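J.: data-v3.txt is reproduced in full below (compact mmCIF, N, CA and C atoms).
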# COMPACT_ATOMS: atom_id res chain seq x y z
N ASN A 1 -11.61 -2.58 12.53
CA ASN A 1 -12.17 -1.79 11.40
C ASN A 1 -11.94 -2.53 10.08
N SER A 2 -12.86 -2.43 9.16
CA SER A 2 -12.69 -3.14 7.86
C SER A 2 -11.46 -2.59 7.12
N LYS A 3 -11.23 -1.31 7.19
CA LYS A 3 -10.06 -0.72 6.49
C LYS A 3 -9.17 0.03 7.49
N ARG A 4 -7.90 0.15 7.21
CA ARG A 4 -6.99 0.88 8.14
C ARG A 4 -6.24 1.97 7.39
N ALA A 5 -5.68 2.91 8.11
CA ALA A 5 -4.92 4.01 7.44
C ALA A 5 -3.54 3.51 7.00
N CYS A 6 -3.31 3.40 5.72
CA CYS A 6 -1.99 2.92 5.24
C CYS A 6 -0.89 3.91 5.65
N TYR A 7 -1.25 5.15 5.86
CA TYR A 7 -0.23 6.16 6.26
C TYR A 7 0.31 5.83 7.65
N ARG A 8 -0.55 5.48 8.57
CA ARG A 8 -0.09 5.14 9.94
C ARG A 8 0.82 3.91 9.90
N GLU A 9 0.53 2.99 9.03
CA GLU A 9 1.36 1.76 8.93
C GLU A 9 2.77 2.11 8.44
N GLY A 10 2.88 3.13 7.63
CA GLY A 10 4.22 3.53 7.12
C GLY A 10 4.60 2.64 5.93
N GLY A 11 3.63 2.22 5.16
CA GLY A 11 3.93 1.35 3.99
C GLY A 11 4.33 2.22 2.80
N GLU A 12 4.48 1.63 1.64
CA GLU A 12 4.87 2.42 0.44
C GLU A 12 3.76 2.36 -0.62
N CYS A 13 3.60 3.40 -1.38
CA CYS A 13 2.54 3.40 -2.44
C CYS A 13 3.16 3.08 -3.80
N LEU A 14 2.72 2.02 -4.43
CA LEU A 14 3.29 1.66 -5.76
C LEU A 14 2.21 1.74 -6.84
N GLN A 15 2.54 2.28 -7.98
CA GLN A 15 1.54 2.38 -9.07
C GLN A 15 1.14 0.98 -9.55
N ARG A 16 2.02 0.03 -9.41
CA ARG A 16 1.70 -1.36 -9.85
C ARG A 16 2.27 -2.37 -8.86
N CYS A 17 1.88 -2.29 -7.62
CA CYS A 17 2.40 -3.24 -6.59
C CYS A 17 2.53 -4.65 -7.18
N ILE A 18 3.70 -5.23 -7.10
CA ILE A 18 3.90 -6.60 -7.65
C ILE A 18 3.65 -7.64 -6.56
N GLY A 19 3.66 -8.90 -6.91
CA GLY A 19 3.42 -9.96 -5.89
C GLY A 19 4.43 -9.83 -4.76
N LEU A 20 5.68 -9.70 -5.10
CA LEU A 20 6.74 -9.56 -4.05
C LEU A 20 6.26 -8.64 -2.93
N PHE A 21 5.60 -7.58 -3.27
CA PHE A 21 5.10 -6.64 -2.23
C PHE A 21 3.72 -7.06 -1.74
N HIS A 22 3.59 -7.36 -0.48
CA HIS A 22 2.25 -7.77 0.05
C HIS A 22 1.30 -6.57 0.01
N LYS A 23 0.03 -6.80 -0.15
CA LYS A 23 -0.93 -5.66 -0.20
C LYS A 23 -1.72 -5.55 1.10
N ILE A 24 -1.70 -4.40 1.72
CA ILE A 24 -2.46 -4.20 2.98
C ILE A 24 -3.76 -3.46 2.66
N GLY A 25 -3.69 -2.53 1.75
CA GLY A 25 -4.91 -1.75 1.38
C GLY A 25 -4.59 -0.88 0.16
N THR A 26 -5.24 0.24 0.03
CA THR A 26 -4.98 1.13 -1.14
C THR A 26 -4.46 2.49 -0.67
N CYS A 27 -3.82 3.23 -1.54
CA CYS A 27 -3.29 4.57 -1.14
C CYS A 27 -4.36 5.65 -1.32
N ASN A 28 -3.95 6.89 -1.31
CA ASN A 28 -4.93 8.00 -1.47
C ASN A 28 -5.56 7.97 -2.86
N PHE A 29 -4.78 7.72 -3.87
CA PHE A 29 -5.34 7.69 -5.25
C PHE A 29 -4.27 7.26 -6.26
N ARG A 30 -4.64 6.47 -7.23
CA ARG A 30 -3.65 6.01 -8.25
C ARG A 30 -2.48 5.29 -7.57
N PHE A 31 -2.67 4.82 -6.37
CA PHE A 31 -1.57 4.11 -5.66
C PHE A 31 -2.14 3.03 -4.74
N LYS A 32 -1.39 1.99 -4.49
CA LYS A 32 -1.90 0.91 -3.59
C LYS A 32 -1.01 0.80 -2.35
N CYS A 33 -1.52 0.24 -1.29
CA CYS A 33 -0.70 0.12 -0.05
C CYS A 33 -0.03 -1.26 0.01
N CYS A 34 1.28 -1.29 0.03
CA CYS A 34 1.99 -2.60 0.09
C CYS A 34 3.14 -2.52 1.11
N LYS A 35 3.67 -3.64 1.50
CA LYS A 35 4.79 -3.63 2.49
C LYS A 35 5.98 -4.44 1.97
N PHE A 36 7.18 -3.98 2.21
CA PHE A 36 8.38 -4.72 1.73
C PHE A 36 9.08 -5.40 2.91
N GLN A 37 9.54 -6.61 2.73
CA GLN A 37 10.23 -7.32 3.84
C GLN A 37 11.51 -7.98 3.34
Output the file's structure in the form of structure tokens.
T.:
Amino acid sequence: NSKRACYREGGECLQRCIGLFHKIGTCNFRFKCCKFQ
């Protein structure tokens, strides 16, 4: 699928995801999907 559910991935929603946090997609609204490692 072109897009995936960020909720199923269990990522975090940040208002200003920084480079340190990789971006997987976007959140529900006013938030982006990123992952911390």
J.: I'd like the neighbourhood of segment 17-24 of chain A as an MDAnalysis selection string, where a residue qualifies if any of its atoms comes within 8 Å (using all atoms listed in the file), though same-chain residues fewer than 5 positions away should be ignored.
T.: chainID A and resid 3:4 6 31:37
J.: At what distance in Å, to one decimal, does atom CA of residue 27 of chain A lie from atom C of residue 5 of chain A?
T.: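 Atom C of residue 5 of chain A sits 8.2 Å away from atom CA of residue 27 of chain A.
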J.: Could you go through chain A and tell me which residues DSSP, when run on the backbone, assigns to strand (DSSP E or B), listing them as JSON, numbers by chain?
T.: {"A": [12, 13, 14, 22, 23, 24, 25, 26, 32, 33, 34, 35]}
J.: Around segment 11-23 of chain A, with edges along x, y and z and 8 Å added on all six sides, what centre and edge lengths do you get, in Å to one decimal, as AutoDock Vina command-line options?
T.:
--center_x 2.5 --center_y -3.3 --center_z -2.3 --size_x 24.5 --size_y 29.4 --size_z 31.0
J.: Provide the atom C of residue 28 of chain A to atom N of residue 13 of chain A distance in Å, to one decimal place.
T.: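 Those two atoms sit 10.3 Å apart.
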